[PDB]
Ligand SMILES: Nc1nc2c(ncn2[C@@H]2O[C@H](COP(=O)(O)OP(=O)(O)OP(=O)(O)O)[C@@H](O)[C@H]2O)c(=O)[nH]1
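Just one chain is shown here, as C-alpha coordinates, and it is the form solved without ligand GTP.
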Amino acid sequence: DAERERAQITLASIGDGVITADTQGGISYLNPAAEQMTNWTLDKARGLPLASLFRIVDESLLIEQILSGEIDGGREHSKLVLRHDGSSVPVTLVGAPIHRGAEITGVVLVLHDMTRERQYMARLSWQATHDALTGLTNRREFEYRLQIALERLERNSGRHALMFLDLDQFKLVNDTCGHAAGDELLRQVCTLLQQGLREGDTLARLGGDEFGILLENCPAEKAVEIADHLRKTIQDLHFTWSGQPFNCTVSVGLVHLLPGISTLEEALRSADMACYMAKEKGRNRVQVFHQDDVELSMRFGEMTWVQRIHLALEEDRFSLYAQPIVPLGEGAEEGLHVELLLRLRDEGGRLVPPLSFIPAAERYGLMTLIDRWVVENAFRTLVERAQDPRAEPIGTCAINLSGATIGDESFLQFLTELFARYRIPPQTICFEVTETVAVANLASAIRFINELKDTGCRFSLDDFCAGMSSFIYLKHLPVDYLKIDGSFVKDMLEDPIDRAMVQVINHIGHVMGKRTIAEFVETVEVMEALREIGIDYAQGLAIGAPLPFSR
(Lines give C-alpha, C1' and ligand atoms only; values in the text may rest on other atoms or scores of the structure.)
Protein backbone atom coordinates (compact mmCIF):
# COMPACT_ATOMS: atom_id res chain seq x y z
CA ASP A 1 0.00 0.00 0.00
CA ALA A 2 1.23 3.57 0.94
CA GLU A 3 3.31 1.96 3.79
CA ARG A 4 5.84 0.81 1.09
CA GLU A 5 6.56 4.40 -0.14
CA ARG A 6 7.16 5.57 3.49
CA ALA A 7 9.33 2.47 4.34
CA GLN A 8 11.43 2.92 1.14
CA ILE A 9 12.08 6.69 1.76
CA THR A 10 12.98 5.79 5.43
CA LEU A 11 15.39 2.98 4.37
CA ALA A 12 16.89 5.28 1.64
CA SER A 13 17.59 7.82 4.49
CA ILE A 14 19.80 5.12 6.15
CA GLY A 15 23.47 5.35 5.07
CA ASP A 16 24.21 1.69 5.84
CA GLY A 17 23.51 -1.13 3.34
CA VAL A 18 20.20 -2.87 4.12
CA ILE A 19 19.69 -6.39 2.71
CA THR A 20 16.52 -8.47 3.20
CA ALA A 21 16.51 -12.11 1.98
CA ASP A 22 14.56 -15.39 2.39
CA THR A 23 15.86 -18.55 4.19
CA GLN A 24 17.42 -19.70 0.80
CA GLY A 25 19.19 -16.36 0.09
CA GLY A 26 16.76 -14.99 -2.53
CA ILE A 27 16.98 -11.18 -2.50
CA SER A 28 13.72 -9.46 -1.42
CA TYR A 29 15.10 -5.96 -0.63
CA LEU A 30 18.13 -3.66 -1.08
CA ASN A 31 18.24 0.02 -0.16
CA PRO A 32 20.40 2.33 -2.49
CA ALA A 33 23.43 2.00 -0.12
CA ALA A 34 23.20 -1.87 -0.34
CA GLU A 35 22.85 -1.55 -4.20
CA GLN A 36 26.08 0.57 -4.41
CA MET A 37 27.83 -1.90 -2.04
CA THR A 38 26.74 -5.03 -4.01
CA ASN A 39 26.97 -3.51 -7.57
CA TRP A 40 23.43 -4.88 -8.19
CA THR A 41 20.08 -3.06 -8.47
CA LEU A 42 16.92 -4.50 -6.87
CA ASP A 43 15.09 -4.76 -10.27
CA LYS A 44 17.87 -7.15 -11.46
CA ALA A 45 18.65 -8.88 -8.06
CA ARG A 46 15.06 -9.59 -6.85
CA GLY A 47 14.48 -13.29 -6.22
CA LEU A 48 18.03 -14.41 -7.10
CA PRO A 49 20.28 -16.16 -4.50
CA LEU A 50 22.61 -13.78 -2.57
CA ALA A 51 25.79 -15.95 -3.11
CA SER A 52 25.28 -15.96 -6.95
CA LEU A 53 25.30 -12.10 -7.02
CA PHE A 54 28.10 -11.27 -4.46
CA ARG A 55 29.89 -12.87 -1.48
CA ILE A 56 30.20 -11.95 2.24
CA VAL A 57 33.35 -13.56 3.63
CA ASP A 58 35.97 -13.27 6.42
CA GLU A 59 39.34 -11.43 5.72
CA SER A 60 41.10 -13.60 3.03
CA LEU A 61 30.15 -22.15 3.02
CA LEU A 62 27.20 -19.77 3.91
CA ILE A 63 26.39 -17.03 6.51
CA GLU A 64 22.50 -17.53 6.43
CA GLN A 65 22.48 -20.51 8.89
CA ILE A 66 24.84 -18.62 11.30
CA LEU A 67 22.20 -15.80 11.43
CA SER A 68 19.15 -18.11 11.96
CA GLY A 69 20.90 -20.10 14.76
CA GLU A 70 24.28 -18.85 16.11
CA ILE A 71 25.14 -15.09 15.41
CA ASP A 72 22.44 -12.36 15.69
CA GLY A 73 21.74 -8.58 15.83
CA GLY A 74 24.02 -8.01 18.83
CA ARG A 75 27.75 -7.44 18.08
CA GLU A 76 29.08 -6.24 14.67
CA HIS A 77 31.05 -8.77 12.59
CA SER A 78 33.89 -7.57 10.32
CA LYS A 79 33.34 -8.95 6.77
CA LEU A 80 34.32 -8.26 3.14
CA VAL A 81 31.63 -7.93 0.47
CA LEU A 82 33.24 -9.69 -2.56
CA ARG A 83 31.67 -8.17 -5.71
CA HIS A 84 33.03 -11.17 -7.86
CA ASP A 85 34.20 -8.43 -10.40
CA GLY A 86 35.33 -5.12 -8.77
CA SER A 87 37.03 -7.03 -5.89
CA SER A 88 35.57 -5.89 -2.44
CA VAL A 89 34.10 -3.48 0.21
CA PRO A 90 35.19 -3.82 3.90
CA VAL A 91 32.07 -3.86 6.16
CA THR A 92 30.78 -4.40 9.73
CA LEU A 93 27.80 -6.72 9.60
CA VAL A 94 24.78 -7.09 11.86
CA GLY A 95 22.16 -9.75 11.02
CA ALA A 96 18.75 -10.60 12.50
CA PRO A 97 16.15 -13.29 11.58
CA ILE A 98 12.74 -12.29 10.10
CA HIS A 99 9.54 -13.86 11.65
CA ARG A 100 5.79 -14.13 10.79
CA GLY A 101 4.96 -14.81 14.48
CA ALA A 102 6.66 -18.19 15.08
CA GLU A 103 7.82 -19.02 11.50
CA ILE A 104 11.33 -17.86 10.43
CA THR A 105 10.57 -16.40 6.93
CA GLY A 106 13.93 -14.70 6.25
CA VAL A 107 16.88 -12.50 7.32
CA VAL A 108 17.86 -8.81 7.62
CA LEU A 109 21.50 -7.71 7.16
CA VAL A 110 22.72 -4.19 8.04
CA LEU A 111 26.14 -3.47 6.53
CA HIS A 112 28.30 -0.50 7.51
CA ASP A 113 30.97 0.48 4.91
CA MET A 114 34.26 0.98 6.92
CA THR A 115 35.64 3.19 4.16
CA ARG A 116 32.84 5.85 4.68
CA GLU A 117 34.08 6.63 8.28
CA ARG A 118 36.63 9.24 7.06
CA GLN A 119 33.68 11.18 5.46
CA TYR A 120 31.80 11.90 8.72
CA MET A 121 33.04 15.48 9.22
CA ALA A 122 30.25 16.53 11.68
CA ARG A 123 31.12 13.38 13.85
CA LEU A 124 34.89 14.11 13.68
CA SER A 125 34.27 17.76 14.61
CA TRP A 126 32.03 16.57 17.54
CA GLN A 127 34.59 14.04 18.77
CA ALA A 128 37.39 16.69 18.92
CA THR A 129 35.34 19.00 21.22
CA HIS A 130 33.50 16.31 23.27
CA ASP A 131 34.01 13.44 25.68
CA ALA A 132 32.97 10.21 23.87
CA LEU A 133 31.50 8.65 27.07
CA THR A 134 29.41 11.41 28.70
CA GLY A 135 28.83 13.53 25.57
CA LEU A 136 29.97 16.64 27.52
CA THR A 137 32.66 19.07 26.26
CA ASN A 138 36.22 17.74 26.60
CA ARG A 139 39.35 19.39 28.14
CA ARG A 140 40.31 20.95 24.73
CA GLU A 141 36.92 22.68 24.12
CA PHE A 142 36.66 23.60 27.83
CA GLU A 143 40.04 25.37 27.94
CA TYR A 144 39.17 27.13 24.66
CA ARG A 145 35.87 28.35 26.21
CA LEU A 146 37.68 29.35 29.42
CA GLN A 147 40.34 31.27 27.35
CA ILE A 148 37.55 33.06 25.34
CA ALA A 149 35.72 33.90 28.63
CA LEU A 150 38.99 35.52 29.89
CA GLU A 151 40.07 37.44 26.66
CA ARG A 152 36.73 38.30 24.88
CA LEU A 153 35.89 42.02 24.46
CA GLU A 154 32.07 41.64 24.45
CA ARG A 155 29.74 40.04 27.12
CA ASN A 156 32.59 40.45 29.71
CA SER A 157 30.90 42.71 32.32
CA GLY A 158 31.07 40.43 35.37
CA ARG A 159 33.30 37.89 37.02
CA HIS A 160 33.32 34.26 35.97
CA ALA A 161 33.53 31.16 38.24
CA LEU A 162 35.59 28.08 37.46
CA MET A 163 34.89 24.74 39.18
CA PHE A 164 36.68 21.37 39.28
CA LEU A 165 34.55 18.56 40.76
CA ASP A 166 36.09 15.15 41.37
CA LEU A 167 33.86 12.15 41.95
CA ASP A 168 35.35 10.66 45.20
CA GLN A 169 34.22 7.03 44.62
CA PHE A 170 34.94 6.68 40.89
CA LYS A 171 38.02 4.43 41.38
CA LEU A 172 36.12 2.37 44.04
CA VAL A 173 33.24 1.59 41.62
CA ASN A 174 35.54 1.07 38.62
CA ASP A 175 37.82 -1.40 40.49
CA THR A 176 35.23 -3.33 42.55
CA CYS A 177 32.40 -3.41 39.89
CA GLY A 178 34.32 -2.97 36.62
CA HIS A 179 34.66 -0.46 33.79
CA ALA A 180 30.99 -0.70 32.63
CA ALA A 181 29.91 0.34 36.19
CA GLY A 182 32.35 3.28 36.27
CA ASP A 183 31.04 4.48 32.88
CA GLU A 184 27.40 4.27 34.03
CA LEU A 185 28.24 6.21 37.24
CA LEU A 186 29.92 9.01 35.18
CA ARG A 187 26.86 9.19 32.80
CA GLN A 188 24.52 9.57 35.85
CA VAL A 189 26.71 12.24 37.52
CA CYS A 190 26.78 13.97 34.06
CA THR A 191 22.90 13.98 33.85
CA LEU A 192 22.69 15.35 37.42
CA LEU A 193 25.26 18.16 36.80
CA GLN A 194 23.52 19.05 33.43
CA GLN A 195 20.14 19.11 35.33
CA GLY A 196 21.67 21.56 37.88
CA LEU A 197 23.12 24.01 35.32
CA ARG A 198 21.58 26.53 32.89
CA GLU A 199 22.14 27.31 29.16
CA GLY A 200 25.26 29.54 28.98
CA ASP A 201 27.26 27.39 31.47
CA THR A 202 29.97 25.02 30.24
CA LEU A 203 30.03 21.52 31.70
CA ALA A 204 32.97 19.34 30.74
CA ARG A 205 34.54 16.04 31.58
CA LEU A 206 38.24 16.88 32.02
CA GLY A 207 39.52 13.32 32.54
CA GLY A 208 38.93 10.24 34.70
CA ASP A 209 36.71 11.27 37.62
CA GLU A 210 37.08 15.02 37.03
CA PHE A 211 34.45 17.43 35.68
CA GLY A 212 34.90 21.11 34.82
CA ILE A 213 32.30 23.84 35.22
CA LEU A 214 32.36 27.43 33.94
CA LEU A 215 29.76 29.92 35.19
CA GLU A 216 30.16 33.07 33.06
CA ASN A 217 29.20 36.53 34.45
CA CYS A 218 28.24 35.03 37.81
CA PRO A 219 28.31 37.06 41.10
CA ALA A 220 30.67 35.54 43.77
CA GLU A 221 27.97 34.42 46.29
CA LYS A 222 25.69 32.91 43.60
CA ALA A 223 28.69 30.80 42.22
CA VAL A 224 29.52 29.36 45.70
CA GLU A 225 25.76 28.60 46.26
CA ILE A 226 25.47 26.71 42.89
CA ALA A 227 28.63 24.67 43.83
CA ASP A 228 27.13 23.69 47.26
CA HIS A 229 23.82 22.76 45.55
CA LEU A 230 25.53 20.52 42.92
CA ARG A 231 27.69 18.87 45.64
CA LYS A 232 24.58 18.10 47.83
CA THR A 233 22.66 17.01 44.69
CA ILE A 234 25.40 14.29 44.09
CA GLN A 235 25.10 13.14 47.75
CA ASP A 236 21.34 12.64 46.99
CA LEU A 237 22.15 10.36 43.98
CA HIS A 238 21.24 6.69 44.48
CA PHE A 239 23.72 4.90 42.19
CA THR A 240 23.39 1.10 42.11
CA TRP A 241 25.11 -1.67 40.12
CA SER A 242 23.36 -5.12 40.08
CA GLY A 243 21.27 -4.08 43.12
CA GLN A 244 24.42 -2.92 45.02
CA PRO A 245 24.35 0.80 46.07
CA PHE A 246 27.22 3.32 46.38
CA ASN A 247 27.34 6.58 48.39
CA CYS A 248 28.46 9.16 45.81
CA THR A 249 30.08 12.47 46.63
CA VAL A 250 32.18 15.16 44.88
CA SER A 251 35.20 17.18 46.10
CA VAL A 252 34.77 20.69 44.56
CA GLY A 253 37.35 23.43 43.89
CA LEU A 254 35.98 26.91 43.05
CA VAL A 255 37.92 29.96 41.76
CA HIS A 256 36.45 33.40 40.93
CA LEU A 257 37.89 34.84 37.72
CA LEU A 258 38.12 38.36 36.26
CA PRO A 259 38.27 38.67 32.41
CA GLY A 260 41.37 40.73 31.47
CA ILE A 261 43.43 39.98 34.66
CA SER A 262 42.94 36.18 35.22
CA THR A 263 45.12 33.86 33.04
CA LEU A 264 44.06 30.38 31.61
CA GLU A 265 47.00 28.55 33.30
CA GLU A 266 46.54 30.48 36.60
CA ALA A 267 42.74 29.68 36.54
CA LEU A 268 43.32 25.91 35.94
CA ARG A 269 46.12 25.73 38.56
CA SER A 270 43.96 27.60 41.16
CA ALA A 271 40.84 25.37 40.71
CA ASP A 272 43.16 22.33 40.93
CA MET A 273 44.75 23.49 44.27
CA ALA A 274 41.27 24.29 45.69
CA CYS A 275 39.89 20.86 44.52
CA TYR A 276 42.95 19.05 46.09
CA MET A 277 42.36 21.09 49.32
CA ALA A 278 38.66 19.99 49.40
CA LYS A 279 39.91 16.33 49.28
CA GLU A 280 42.70 16.98 51.88
CA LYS A 281 40.03 18.48 54.22
CA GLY A 282 37.53 15.58 54.07
CA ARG A 283 36.32 14.93 50.45
CA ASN A 284 32.65 15.83 50.50
CA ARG A 285 32.95 19.59 50.36
CA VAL A 286 33.56 22.80 48.33
CA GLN A 287 36.78 24.80 48.70
CA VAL A 288 36.73 28.38 47.42
CA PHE A 289 40.22 29.46 46.32
CA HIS A 290 41.68 32.47 48.20
CA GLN A 291 45.21 33.79 47.47
CA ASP A 292 46.27 33.82 51.18
CA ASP A 293 44.14 30.86 52.52
CA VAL A 294 45.12 28.34 49.76
CA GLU A 295 48.85 29.22 49.16
CA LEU A 296 49.57 29.08 52.96
CA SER A 297 47.63 25.76 53.21
CA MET A 298 49.58 24.32 50.21
CA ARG A 299 52.88 25.63 51.72
CA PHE A 300 51.87 24.00 55.10
CA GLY A 301 50.99 20.77 53.22
CA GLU A 302 54.36 20.84 51.38
CA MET A 303 56.28 21.20 54.67
CA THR A 304 54.28 18.41 56.34
CA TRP A 305 54.78 15.95 53.42
CA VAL A 306 58.52 16.69 53.06
CA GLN A 307 58.90 15.78 56.83
CA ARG A 308 56.49 12.77 56.57
CA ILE A 309 58.18 11.11 53.56
CA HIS A 310 61.77 11.71 54.79
CA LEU A 311 60.94 10.48 58.32
CA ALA A 312 59.27 7.35 56.81
CA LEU A 313 62.52 6.80 54.70
CA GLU A 314 64.80 7.41 57.73
CA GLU A 315 62.79 5.10 60.01
CA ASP A 316 62.74 2.17 57.46
CA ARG A 317 58.91 2.21 57.32
CA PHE A 318 58.54 1.78 53.56
CA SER A 319 58.67 -1.78 52.27
CA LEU A 320 58.27 -3.78 49.10
CA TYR A 321 55.85 -6.59 48.29
CA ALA A 322 55.88 -8.79 45.13
CA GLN A 323 52.85 -10.11 43.21
CA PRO A 324 53.47 -12.84 40.54
CA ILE A 325 52.76 -12.46 36.78
CA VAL A 326 52.41 -15.80 34.95
CA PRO A 327 52.47 -16.71 31.22
CA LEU A 328 49.18 -18.11 29.85
CA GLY A 329 51.03 -19.64 26.85
CA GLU A 330 51.99 -23.35 26.57
CA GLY A 331 55.32 -24.86 27.70
CA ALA A 332 56.46 -21.81 29.72
CA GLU A 333 60.17 -21.58 30.89
CA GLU A 334 60.95 -17.85 31.52
CA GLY A 335 61.67 -17.71 35.28
CA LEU A 336 59.56 -16.03 38.03
CA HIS A 337 58.02 -12.70 36.91
CA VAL A 338 56.97 -10.25 39.63
CA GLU A 339 55.63 -6.76 39.98
CA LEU A 340 56.88 -4.78 42.98
CA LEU A 341 54.40 -2.93 45.16
CA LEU A 342 55.12 -0.21 47.66
CA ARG A 343 53.78 -0.35 51.16
CA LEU A 344 54.12 2.20 54.01
CA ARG A 345 53.54 1.65 57.77
CA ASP A 346 52.62 4.49 60.26
CA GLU A 347 54.51 5.07 63.60
CA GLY A 348 52.38 2.35 65.31
CA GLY A 349 53.15 -0.32 62.68
CA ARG A 350 49.82 -0.11 60.82
CA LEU A 351 49.70 -0.23 56.99
CA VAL A 352 48.85 3.11 55.33
CA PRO A 353 46.44 2.94 52.32
CA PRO A 354 48.13 4.35 49.13
CA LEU A 355 45.56 7.18 48.62
CA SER A 356 46.60 8.49 52.10
CA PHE A 357 50.19 9.32 50.84
CA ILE A 358 50.76 8.83 47.07
CA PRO A 359 48.46 11.77 45.91
CA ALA A 360 50.26 14.09 48.40
CA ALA A 361 53.75 12.76 47.40
CA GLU A 362 52.81 13.39 43.70
CA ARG A 363 51.30 16.85 44.48
CA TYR A 364 54.40 17.99 46.37
CA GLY A 365 57.06 16.53 44.03
CA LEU A 366 58.18 13.75 46.40
CA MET A 367 57.84 10.86 43.91
CA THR A 368 61.40 10.85 42.46
CA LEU A 369 62.52 10.37 46.09
CA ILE A 370 60.11 7.41 46.55
CA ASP A 371 61.00 5.90 43.10
CA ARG A 372 64.77 6.07 43.94
CA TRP A 373 64.21 4.31 47.28
CA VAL A 374 62.00 1.63 45.48
CA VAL A 375 64.56 0.90 42.70
CA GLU A 376 67.53 0.74 45.07
CA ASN A 377 65.78 -1.45 47.67
CA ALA A 378 64.53 -3.72 44.82
CA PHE A 379 68.20 -4.17 43.68
CA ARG A 380 69.33 -4.62 47.31
CA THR A 381 66.59 -7.27 47.87
CA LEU A 382 67.53 -9.15 44.62
CA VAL A 383 71.17 -9.41 45.82
CA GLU A 384 70.16 -10.69 49.34
CA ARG A 385 67.63 -13.14 47.80
CA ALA A 386 70.38 -14.43 45.45
CA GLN A 387 72.53 -15.57 48.50
CA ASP A 388 70.20 -18.63 48.69
CA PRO A 389 71.37 -21.13 45.96
CA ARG A 390 67.88 -22.81 46.11
CA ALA A 391 65.97 -19.45 45.69
CA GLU A 392 63.67 -19.37 42.63
CA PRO A 393 65.55 -17.09 40.18
CA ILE A 394 63.68 -13.88 39.19
CA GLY A 395 63.50 -13.38 35.42
CA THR A 396 61.41 -10.18 35.53
CA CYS A 397 61.15 -7.52 38.17
CA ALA A 398 58.49 -4.95 37.13
CA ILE A 399 58.81 -1.52 38.84
CA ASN A 400 56.37 1.40 38.42
CA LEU A 401 57.87 4.90 37.86
CA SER A 402 56.16 8.28 38.32
CA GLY A 403 55.83 11.11 35.76
CA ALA A 404 58.35 13.05 37.85
CA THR A 405 60.98 10.26 37.35
CA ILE A 406 60.11 10.20 33.56
CA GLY A 407 61.03 13.90 33.38
CA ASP A 408 64.19 13.53 35.56
CA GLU A 409 67.45 13.78 33.52
CA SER A 410 69.63 12.55 36.43
CA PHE A 411 67.68 9.24 36.82
CA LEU A 412 69.75 7.37 34.20
CA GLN A 413 72.99 8.27 36.03
CA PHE A 414 71.37 7.08 39.33
CA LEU A 415 70.29 3.82 37.58
CA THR A 416 73.79 3.33 35.99
CA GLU A 417 75.33 3.58 39.50
CA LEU A 418 72.74 1.08 40.90
CA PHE A 419 73.71 -1.43 38.13
CA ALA A 420 77.42 -1.04 39.03
CA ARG A 421 76.71 -1.31 42.78
CA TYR A 422 74.20 -4.26 42.80
CA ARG A 423 75.16 -6.05 39.53
CA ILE A 424 71.52 -6.78 38.58
CA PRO A 425 71.30 -7.60 34.80
CA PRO A 426 69.34 -4.67 33.16
CA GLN A 427 67.34 -7.30 31.17
CA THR A 428 65.71 -8.59 34.37
CA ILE A 429 64.22 -5.10 35.03
CA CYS A 430 60.90 -4.01 33.48
CA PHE A 431 60.01 -0.37 34.21
CA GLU A 432 56.35 0.59 34.04
CA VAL A 433 54.54 3.86 33.34
CA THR A 434 50.81 4.37 33.13
CA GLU A 435 49.35 5.43 29.77
CA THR A 436 48.23 8.66 31.56
CA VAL A 437 51.76 9.57 32.81
CA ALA A 438 53.25 8.81 29.32
CA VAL A 439 50.69 10.99 27.45
CA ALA A 440 51.04 13.90 30.00
CA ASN A 441 54.73 14.34 28.97
CA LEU A 442 54.90 12.48 25.65
CA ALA A 443 58.29 13.67 24.30
CA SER A 444 60.10 13.02 27.59
CA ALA A 445 58.39 9.57 27.94
CA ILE A 446 59.52 8.58 24.39
CA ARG A 447 63.20 9.61 25.13
CA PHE A 448 63.07 7.97 28.56
CA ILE A 449 61.77 4.60 27.16
CA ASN A 450 64.39 4.56 24.30
CA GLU A 451 67.32 5.45 26.66
CA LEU A 452 66.29 2.72 29.18
CA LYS A 453 65.83 0.15 26.39
CA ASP A 454 69.41 1.03 25.19
CA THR A 455 70.60 0.10 28.72
CA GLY A 456 68.93 -3.35 28.24
CA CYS A 457 65.88 -2.75 30.46
CA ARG A 458 62.35 -3.71 29.38
CA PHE A 459 59.32 -1.42 29.54
CA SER A 460 55.63 -1.77 30.16
CA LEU A 461 52.68 0.53 29.47
CA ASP A 462 50.14 0.11 32.36
CA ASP A 463 46.43 1.00 32.78
CA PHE A 464 45.90 0.69 28.99
CA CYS A 465 42.45 1.02 27.28
CA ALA A 466 41.71 0.51 23.57
CA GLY A 467 40.94 3.53 21.41
CA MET A 468 42.32 5.35 18.39
CA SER A 469 44.23 7.84 20.63
CA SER A 470 45.70 4.97 22.79
CA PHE A 471 46.80 3.02 19.69
CA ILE A 472 48.20 6.21 18.11
CA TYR A 473 50.18 6.93 21.33
CA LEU A 474 51.30 3.24 21.38
CA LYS A 475 52.87 3.75 17.91
CA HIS A 476 55.37 6.14 19.46
CA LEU A 477 55.91 4.34 22.82
CA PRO A 478 58.48 1.51 22.32
CA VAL A 479 57.32 -0.60 25.29
CA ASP A 480 57.68 -4.41 25.42
CA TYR A 481 54.40 -5.06 27.32
CA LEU A 482 50.92 -3.67 27.35
CA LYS A 483 49.02 -4.06 30.63
CA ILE A 484 45.21 -4.09 30.30
CA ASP A 485 43.45 -1.82 32.87
CA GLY A 486 42.00 -4.21 35.50
CA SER A 487 38.56 -2.52 35.41
CA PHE A 488 37.93 -4.16 31.96
CA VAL A 489 38.98 -7.60 33.21
CA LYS A 490 36.94 -7.31 36.47
CA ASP A 491 33.57 -7.58 34.64
CA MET A 492 34.59 -9.05 31.19
CA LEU A 493 32.48 -12.25 31.83
CA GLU A 494 29.34 -10.12 32.53
CA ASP A 495 29.84 -7.13 30.21
CA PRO A 496 30.12 -7.87 26.42
CA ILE A 497 31.72 -4.43 25.79
CA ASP A 498 34.48 -4.99 28.45
CA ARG A 499 35.04 -8.48 26.97
CA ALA A 500 35.34 -6.91 23.45
CA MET A 501 37.76 -4.18 24.83
CA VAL A 502 40.07 -6.93 26.26
CA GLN A 503 39.98 -8.72 22.85
CA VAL A 504 40.75 -5.43 20.99
CA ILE A 505 43.63 -4.42 23.39
CA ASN A 506 45.07 -7.91 22.98
CA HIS A 507 44.73 -8.09 19.17
CA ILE A 508 46.16 -4.57 18.54
CA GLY A 509 48.89 -4.93 21.21
CA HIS A 510 50.05 -8.06 19.37
CA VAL A 511 49.92 -6.28 15.93
CA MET A 512 52.19 -3.60 17.42
CA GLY A 513 54.71 -6.20 18.67
CA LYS A 514 53.68 -5.92 22.36
CA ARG A 515 53.21 -8.82 24.78
CA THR A 516 49.90 -8.44 26.74
CA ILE A 517 49.22 -8.63 30.50
CA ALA A 518 45.85 -8.78 32.17
CA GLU A 519 45.52 -7.52 35.73
CA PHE A 520 42.68 -8.15 38.29
CA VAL A 521 42.47 -11.83 37.23
CA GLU A 522 40.63 -12.82 40.45
CA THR A 523 39.19 -16.24 39.30
CA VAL A 524 40.40 -19.20 37.15
CA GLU A 525 37.23 -18.68 34.93
CA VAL A 526 38.54 -15.16 34.02
CA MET A 527 42.04 -16.70 33.53
CA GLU A 528 40.73 -19.30 31.06
CA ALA A 529 38.67 -16.70 29.18
CA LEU A 530 41.92 -14.61 28.80
CA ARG A 531 43.84 -17.74 27.64
CA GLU A 532 41.09 -18.48 25.00
CA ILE A 533 41.46 -14.82 23.84
CA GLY A 534 45.28 -15.08 23.52
CA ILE A 535 46.51 -12.75 26.36
CA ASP A 536 50.17 -13.58 27.14
CA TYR A 537 50.31 -13.04 30.92
CA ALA A 538 47.98 -12.80 33.90
CA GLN A 539 48.19 -11.18 37.28
CA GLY A 540 45.69 -11.25 40.17
CA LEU A 541 44.41 -13.19 43.22
CA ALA A 542 43.82 -16.36 41.07
CA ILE A 543 47.60 -16.28 40.19
CA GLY A 544 48.92 -15.16 43.56
CA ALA A 545 48.64 -12.45 46.21
CA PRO A 546 51.21 -9.67 46.97
CA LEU A 547 53.80 -11.28 49.34
CA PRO A 548 56.65 -9.63 51.40
CA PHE A 549 59.65 -9.00 49.12
CA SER A 550 62.07 -6.64 50.94
CA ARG A 551 63.24 -7.45 54.52
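Residue positions are given as counts along the sequence shown, with the first one as 1.
We do not show the form deposited with ligand GTP bound, though everything after this point is about it.
Engineer: Counting non-hydrogen atoms within 4.5 angstroms of ligand GTP in the deposited bound form, say which of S460, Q287, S270, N174 makes the cut.
Structural biologist: Among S460, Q287, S270, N174, a heavy atom within 4.5 Å of ligand GTP in the deposited bound form occurs only for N174.
Engineer: Among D480, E216, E143, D166, which has any heavy atom within 4.5 Å of ligand GTP in the deposited bound form?
Structural biologist: Selected option: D166.
Engineer: Is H256 one of the residues lying within 4.5 Å of ligand GTP in the deposited bound form, judged by heavy atom distances?
Structural biologist: No, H256 sits far enough from ligand GTP in the deposited bound form that none of its heavy atoms falls within 4.5 Å.
Engineer: At the 4.5 Å heavy atom threshold, is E64 in contact with ligand GTP in the deposited bound form?
Structural biologist: Judged by the heavy-atom cut-off of 4.5 Å, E64 is well away from ligand GTP in the deposited bound form.
Engineer: Quick check on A332: any heavy atom within 4.5 Å of ligand GTP in the deposited bound form?
Structural biologist: Heavy-atom contact with ligand GTP at 4.5 Å: absent for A332.
Engineer: In the deposited bound form, does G208 have a heavy atom within 4.5 Å of ligand GTP?
Structural biologist: Output for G208 is yes: heavy atoms within 4.5 Å of ligand GTP.
Engineer: In terms of non-hydrogen atoms within 4.5 angstroms, which of the given stretches 416-424, 181-189, 391-399, 70-78 touches ligand GTP in the deposited bound form?
Structural biologist: Single hit among the candidates: 181-189.
Engineer: Heavy atom within 4.5 Å of ligand GTP in the deposited bound form: which residues of 351-386 qualify?
Structural biologist: Read in sequence order, the lone residue that approaches ligand GTP (within 4.5 Å, in the deposited bound form) is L355.
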